[PDB]
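Here we start with a single chain on its own, the form deposited without the DNA, put down as structure tokens.
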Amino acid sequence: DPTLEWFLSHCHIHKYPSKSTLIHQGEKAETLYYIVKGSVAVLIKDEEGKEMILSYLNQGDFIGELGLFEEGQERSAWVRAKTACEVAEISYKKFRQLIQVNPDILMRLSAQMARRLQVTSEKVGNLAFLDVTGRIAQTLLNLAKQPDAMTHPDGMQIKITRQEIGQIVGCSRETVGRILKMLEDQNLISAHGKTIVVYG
């Protein structure tokens, strides 16, 4: 992809090990990132340090983009590497010059912003309108149709901790365990360790 190749030639690229923080909430935003390889989690926290994952992003995703548009703003969320990552970085000032040369690179960025607004709006709906059981069931459904889910005789096999589920749906790890047991009892999933088979 020539447009992305051109953009990346103007970036400087860096390796982040698994679990490192790319972006800290509250930092002053002056640069844009783009994931060349790997995946990250975007998260927010409450007064007590409970975490809610807003999104996973992966190869091909921009990160740190929301600052490009307002002079001197603070990063709104933490971004943590879930795997080893290779990340390209560019200042906003240089990226604005690229936009002038070829506004297709802004279109690519803005397409991902629009998708993220839709996804996050759906999350608002889920938190407002679904109970925690329905949120968990929708999450397991989603993880099963992810590229990293492994086919199984009876559905798809996924690997996720109860803690990570609770960070997606907004509940404690104890509440996750109780709901997973219920779904097992209903013959809708199987659960063994960090492994869950989602039937159907």
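Between two forms, the rigid core is the largest collection of C-alphas that superpose within 1.5 Å. A residue's number is simply how far along the shown sequence it sits, counting from 1.
Where the structures in 5 other deposited structures of this protein are fitted on the rigid core, 137-145 is the one of 137-145 and 56-64 whose C-alphas sit farther from the shown form on average. Fitting each structure in 5 other deposited structures of this protein onto the rigid core and averaging C-alpha distances over structures and residues, 188-196 emerges as the more displaced of 188-196 and 174-182. For the segment pair 186-194 and 5-13, the entry gives 186-194 the higher mean B-factor, averaged over Cα atoms. Of the two segments examined, 152-160 and 127-135, it is 152-160 that shows the higher average Cα temperature factor in the deposited entry. Note on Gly26, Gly67, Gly49, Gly60: the highest value goes to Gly49, judged by CA B factor as recorded. Between the residues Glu86, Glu74, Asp104, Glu71, the entry's highest C-alpha temperature factor is the one at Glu71. Per the PDB record, residue ranking by Cα B-factor puts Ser39 in the middle third of the chain. Among the modelled residues of its chain, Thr175 has a C-alpha B-factor that falls in the highest third, as given in the PDB entry. Sort the chain's modelled residues by C-alpha temperature factor and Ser55 lands in the lowest third, per the entry. Among the modelled residues of its chain, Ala144 has a C-alpha B-factor that falls in the highest third according to the deposited record.
Keep in mind the form solved in complex with the DNA is missing from the figure; the text below concerns it.
Proximity to the DNA in the deposited bound form, defined as a heavy atom within 4.5 Å, singles out one entry of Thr175, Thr31, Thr139, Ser39, which is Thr175.
Checked against the DNA in the deposited bound form, the residues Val132, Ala149, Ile53, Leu66 give one hit for a heavy atom within 4.5 Å, which is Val132. In the deposited bound form, at least one heavy atom of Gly193 sits within 4.5 Å of a heavy atom of the DNA.
Interface residue remark: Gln59 is not counted as part of the site for the DNA in the deposited bound form, having no heavy atom within 4.5 Å. In the deposited bound form, the DNA stays beyond 4.5 Å of every heavy atom belonging to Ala144. Taking the partner from the other structure, the DNA in the deposited bound form has no heavy atom within 4.5 Å of any heavy atom of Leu43. Residue heavy atoms within 4.5 Å of the DNA in the deposited bound form occur in exactly one stretch of 162-170, 149-157, 66-74, 22-30, and that stretch is 162-170.
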